[PDB]
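Chains as they are written, first to last, in PDB author numbering: chain T, 1 to 140; chain a, 1 to 233.
Quick reminder that beta carbons are idealized off the backbone N, C-alpha and C, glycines included.
Notes to accompany the following structure.
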């Protein structure tokens with residue numbers, strides 16, 4: 001039948017999660033953002049649509065910092081991206097508290113990965129409306 | 001409720017015309033045993049604040065971790081983290097003063113005596129004390145433990161009140177601190193010869209000095225002293 005797209009954690013007959021694919025449509029509608037890996041680091045860049053001359057230039061900062069070495073940029077629902085970075089900052093502080101060393105980037109990637117994946121397991125939570133490009137320099 | 005195991009002795013400080021000077025020795029005492037000699041008890045936060053902690057070293061390291069997290073937290077979503085919205089010495093102290101009082105109210109205190117030294121954004125000198133009880137006070141000169149009894153009387157000779165502050169130069173103020181460290185090495189049994197000294201100035205900035213030693217010590221008069229009363233040889 002139909003109605004598989006109405007709830008989150010529900011599998012459609014083709015083994016797809018439509019509510020997640022609907023969140024991708026919110027990302028596709030959003031502002032374009034990029035990431036470039038160089039020989040010893042990473043470079044993040046974001047577009048900032050000027051809606052009016054009333055917007056103060058160099059003020060509405062979109063790129064966010066996690067810990068002291070990780071940079072995060074996202075596309076789609078901006079508030080959803082902030083929620084993910086807030087969790088990422090809590091997860092980075094939790095890693096540094098216990099293990100002393102600042103969180104490695106592959107380690108940080110999984111921490112965000114598991115958190116976003118968790119929001120696809122229940123019908124009480126909404127999937128994230130952002131695709132986040134992130135990275136930094138660690139031990140290796 | 002706890003007890004201090006590894007301890008740091010006096011932290012002495014004073015304010016001069018252009019800023020503040022704070023100093024502490026590099027010892028980590030284990031009761032009567034002078035166990036560790038490579039302990040930095042002055043924690044610089046940014047380029048405008050130095051935090052000097054005495055007492056429990058494990059609690060000091062916890063505070064040290066909290067101060068590093070404060071720098072990281074302040075820089076989050078803040079484009080002016082190194083400018084207008086940088087951490088002031090007043091912000092750093094008040095945070096610690098809140099933590100110190102909350103911990104004693106939970107009957108589980110951080111066994112420390114802390115002096116926050118620094119220069120504010122407007123140029124004003126900052127020097128305030130906070131301990132395990134959460135007691136806070138400001139004075140032209142501030143010292144913890146044995147420094148309160150011995151260094152304070154010496155430092156107050158240079159600056160007795162608020163009007164003496166603009167009359168005291170960096171050279172005179174530092175000389176008084178170095179002399180106080182010598183006196184503390186004479187009479188404090190839990191003191192070290194090696195010490196660190198920090199100068200926070202509104203013009204020259206933060207000057208952190210490491211591996212300073214107590215010099216020009218008077219000991220020659222000891223050879224003339226023999227016995228405890230009637231003994232001549």
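Under a three-way DSSP split, which group does residue i fall into?
i: residue 159 of chain a; result: coil
i: residue 85 of chain T; result: helix
i: residue 99 of chain a; result: helix
i: residue 191 of chain a; result: coil
i: residue 177 of chain a; result: helix
i: residue 25 of chain a; result: strand
i: residue 32 of chain a; result: coil
i: residue 58 of chain T; result: coil
The beta strand (DSSP E) that contains residue i, what's its start and end?
i: residue 120 of chain T; result: Element bounds for residue 120 of chain T: n/a, residue is neither H nor E.
i: residue 194 of chain a; result: 194-201
i: residue 212 of chain a; result: 205-213
i: residue 4 of chain T; result: Neither: residue 4 of chain T is in no beta strand (DSSP E) and is coded neither H nor E.
i: residue 11 of chain T; result: Unbroken run through residue 11 of chain T: none, as it is neither H nor E.
i: residue 44 of chain T; result: 42-46
i: residue 37 of chain T; result: 33-37
i: residue 1 of chain a; result: Unbroken run through residue 1 of chain a: none, as it is neither H nor E.
i: residue 136 of chain T; result: 130-136
i: residue 104 of chain T; result: From DSSP, residue 104 of chain T is part of no beta strand (DSSP E); its letter is neither H nor E.
i: residue 13 of chain a; result: 11-15
i: residue 231 of chain a; result: Counting along the chain, residue 231 of chain a falls outside any beta strand (DSSP E), and DSSP gives it neither H nor E.
The alpha helix (DSSP H) with residue i in it runs from where to where?
i: residue 70 of chain a; result: 57-75
i: residue 6 of chain a; result: Careful: residue 6 of chain a lies outside any alpha helix (DSSP H), inside the beta strand (DSSP E) at 6-8.
i: residue 19 of chain T; result: 18-29
Which value, in whole angstroms, describes the spacing of the CA atoms of residue i and residue j?
i: residue 109 of chain a; j: residue 69 of chain a; result: 20 Å
i: residue 114 of chain a; j: residue 95 of chain T; result: 28 Å
i: residue 232 of chain a; j: residue 226 of chain a; result: 7 Å
i: residue 100 of chain T; j: residue 87 of chain T; result: 19 Å
i: residue 181 of chain a; j: residue 50 of chain a; result: 18 Å
i: residue 89 of chain a; j: residue 15 of chain T; result: 58 Å
i: residue 198 of chain a; j: residue 77 of chain T; result: 48 Å
i: residue 152 of chain a; j: residue 15 of chain a; result: 12 Å
i: residue 66 of chain T; j: residue 212 of chain a; result: 38 Å
i: residue 19 of chain a; j: residue 201 of chain a; result: 4 Å
i: residue 83 of chain a; j: residue 120 of chain a; result: 12 Å
Query raised in the report: What are the complete alpha helix (DSSP H) segments, minimum 4 residues, inside the segment 113-168 of chain a?
Result: 146-155
Query raised in the report: Would you call the segment 100-115 of chain T and the segment 57-70 of chain T touching, i.e. three or more CB-CB distances under 8 Å?
Result: yes
Query raised in the report: Taking one C-beta from the segment 154-169 of chain a and one from the segment 128-141 of chain a each time, how about it: are there three or more such pairs within less than 8 Å?
Result: yes
Query raised in the report: Are the segment 21-30 of chain a and the segment 73-80 of chain a in contact at 8 Å, needing three or more beta carbon pairs?
Result: no
Query raised in the report: Would the segment 203-219 of chain a and the segment 54-63 of chain a be scored as touching if the rule is three or more Cβ pairs under 8 Å?
Result: no
**Report entry** Segment contact flag, the segment 98-107 of chain a with the segment 126-135 of chain a, C-beta cutoff 8 Å, min 3 pairs
**Finding:** yes
Query raised in the report: Can you find at least 3 beta carbon pairs, one from the segment 34-47 of chain T and one from the segment 118-138 of chain T, that sit closer than 8 Å?
Result: yes
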